Every structure is written in structure tokens, then in C-alpha cells.
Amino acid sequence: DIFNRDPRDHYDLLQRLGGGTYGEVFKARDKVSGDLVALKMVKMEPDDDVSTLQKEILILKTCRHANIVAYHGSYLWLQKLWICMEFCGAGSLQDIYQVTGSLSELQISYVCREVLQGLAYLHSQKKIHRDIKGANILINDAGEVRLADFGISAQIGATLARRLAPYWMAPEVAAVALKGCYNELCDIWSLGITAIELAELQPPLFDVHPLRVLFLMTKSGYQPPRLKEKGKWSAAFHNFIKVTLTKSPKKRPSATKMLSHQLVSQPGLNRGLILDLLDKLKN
């Protein structure tokens, strides 16, 4: 459900937070309530198809969970669509680690736990993020963790619907038609890679060409990556990675199963750990 009016009525546009071909992100304040919001602006011309964006909204609107970016509403005005969300002041983990350098095992553990909670919720709702990385895990000024940037999740969903227009079809073809050849457990892998990102400032093979990496991943003898420095981390951390980075999705554990893992179920994991990191931000 979409408000057909100028959002500059309801909000004040403070600051641009960056742009892409895909969208523009604005910091803004609610003129009445006074609370800060994130406003995602998308330039939608009459001719182009709106389904991709409609799917993103529907995902956001239909997700009420702590670890997923809250949605307030959306505004269609002057052929510009504004999606309104809760503000996450510290930004993404990538925005942050660029300044602070590498996170600590416990900070990583807390982040992983929080993402897993979000994923478990998403998967229960039969939704897949499919773009879990540092740059999509947002932090608020309170050190709470929020999953964001469902534009890809929306893009594959909008295609899956577009793909309606079956019996002589082969099972693998059916799987691509319905699910795209993969399942929810892809997110678990991405988390594993993200855990490495946070530890090392780069995912594995970041210096290698992308097309080449795709090739390497499809070879028979592809070994899952590990953490570079054995000694710097605990057995539980190494294992968390070993397990999340299970090559076979038949044998890779679910978000729920992962939440009971030693690393992410240990006590003392809370936002304080992240607050410590955000203090390193003003340093």
C-alpha cells in the first residue's frame, strides 16, 4: 500500500548517503515525530516495469522482525518512488570496518548470531536474501543488527513470477523455474564468507577476477575457503566456518541449526560489543 503524495510533506531531506544506477539513499527526519528515517529513492519512468520494486516493498512490508530493517511506508510522486525505512546511523559493516579495521571474534560472533536470527525468520516466511555480505548488514546507533538491501531478493522474485509465462518439464528445469536451482541455505554459505570478510577486510579470492572465481567454484575439486591466520582465532570460529562453508547444500546446516552452534550461542554476546566498535568510529 502506497501513499500517492510528495514525501517532502511528511519528511525533511537532510543528507544524500550515496547512489547507484539501481537507487539513491537519503537520510531524512520525520517532520512530526522527529525520528530519523532512511529514504530509498528510485527513478521510475512511465515505460519501465514496476514489478521488481513492488516485490521489494511487499518483502519489507510483510517482514516484521528485530534483525530486519523496519519499513514505514512508501511514496509515489513525480515519477519517483520513495521507500521509507528505519534509520541505521552507523551504516553497514563495510562502511564501519573501512574505518575501524578488522572486527574481533566476539564482535563477529554477535553479528553472526544476529544475522542467523534474521535469516531463520526470512526462511520460515519462505523468503531468501541471496545477497548477504558486510555491505548489506546494517548497524544502528544502539548497536543492533539489521539485514538490508533486498533489491536482488526482489529481482529474482519478480523474475520467478514473470516466469509463469510444466508437465513434460524435467525436474532440474522445474527447480530453476520455481526456485532458481538453489535453496535458502545459500544464505548460510554467504554468512560464512561474510564472517571471513569481517575478520580480514576482504572475502576470499577478492583479488581474483570474478568470472574466474565463478569458474573455480564450479570445478570438481573446489575447496571451501578458510581463515588465513590459524592462531588468531578459536577452534569454535574455525569450525563455524568449516560448517557454514559446507560445499553440499544437502549437508549444510540451516540457520536454526546454526543458532545452536557454540560460537553464536556462547554467553556475553550483545550490542555492547558493537558499541565498542562504534566508539572506534570517532577515534
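One rule holds for the numbers: they count along the sequence shown, beginning at 1.
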### Task
Select one of none, 1 to 3, 4 to 9, or 10 or more to describe the deposited residues without coordinates separating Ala165 and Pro166.
4 to 9
### Query
Quick one: higher average CA temperature factor, 125-133 or 78-86?
78-86
### Query
With respect to the recorded C-alpha B factors, which stretch has the higher mean value, 173-181 or 110-118?
173-181
### Message
What third of the chain does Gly73 rank in for C-alpha temperature factor, lowest, middle or highest?
### Response
middle
### Message
Where does the C-alpha B-factor of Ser104 rank in its chain, lowest, middle or highest third?
### Response
lowest
### Message
Going by the CA temperature factor in the PDB record, which third of the chain does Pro210 belong to: lowest, middle or highest?
### Response
highest
### Message
Looking at the temperature factor on the CA atom of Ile139, which third of the chain's modelled residues does it land in?
### Response
lowest
### Message
Per the entry's values, where does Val264 land by CA temperature factor relative to the rest of its chain, in the lowest, middle or highest third?
### Response
lowest
